[PDB]
């Protein structure tokens, strides 16, 4: 339950927050985490839950620790104490792999994919529209990012069910496979494809990764499968759950929907403000050595949770942080991270979000939560929404 308190940790800093089941959960997950920002709570606290670990609670500390990779290492980035690249790597060896992955998901690739993204969104929406109802999480959000990966990687549609099953087992195991079995089966899938695309390449993400250079020499197969694996999984649960938080807010607030219906030009700014208010990731780092940080003695090997979610919710970074305002003049957040591991998919994610909102608001402008339905959130490394039953009158919609 509560791991015993290490000798170096003073008791006045103890705040037993459980990141997998925070106590205010039913009130909404972002609200449950923001208890860590109440005035009686120090900037840096120790929890005894989950093996015992630090938590930085304020934007200033979160950013600084992500900048200081010499003390705060990525060798162990999850609480509690997996071989994807470049997750576990600190600079300077991380730079090269990062440069390569950037070629496959960087801005020019995204600008090129933009209308394929739009057509996929339009066909999913068109199929739901006449029904007058859906579970948004299951019916739109889940099928969407996986299909964008198949486009990017030039993989055939028929492989989706099996691939989706494997990535589902890594994050929501049904018991059929351990984490390691699901990973190996994913590697079983990618290896022949990588091998073939070394010999005969295309312009897709797997071809580009497979023919890349590391340390002046060819990328190996081990390295290429471990990067392709991260490119797959990094863009699934984050996009599924983020779209859900956003659609939940818009379903509950007719006045914000209306604003975007009337001024669709505001949608890119609205996306940015939604990313701040409904931020959802909480990664960590491990201490490389003894280190005093903002008056607190940290010990070598200590783990520290640095919740990306909390920077944009900090009232010291944004005034009235729980209020959604699409006209904010300075939206400040670390929703996609900060420092050397800043999300490589951030440009693709923004386009997936913007396109989704533009297409949904055009075709189904008026929607609500299903009557009687109560929306359940879940908390962890990637917080999320269990399910999102939506309802609308089909007569108020339009086929395009």
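Positions refer to the first chain, counted from 1.
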Between residue 217 and residue 218, the number of deposited residues left without coordinates comes to none
Look up the CA B-factors in the entry and say which stretch, 177 to 185 or 301 to 309, has the higher mean. 177 to 185
Would 366 to 374 or 42 to 50 have the larger average of its C-alpha temperature factors, as given in the entry? 366 to 374
Looking only at 112, 276, 164, 71, the Cα with the top B-factor belongs to 112
Based on the PDB entry, the highest CA temperature factor among the options 99, 243, 146, 320 is that of 99
Temperature factor at the Cα of residue 132, chain-ranked in thirds, falls in the middle
Among modelled residues of the same chain, the CA temperature factor third for residue 91: highest
Lowest, middle or highest third of the chain for the C-alpha temperature factor of residue 238? lowest
Quick check on the deposited entry: does the C-alpha B-factor of residue 390 sit in the lowest, middle or highest third of its chain? middle
Considering only modelled residues of the same chain, in which third does the CA B-factor of residue 272 rank: lowest, middle or highest? lowest
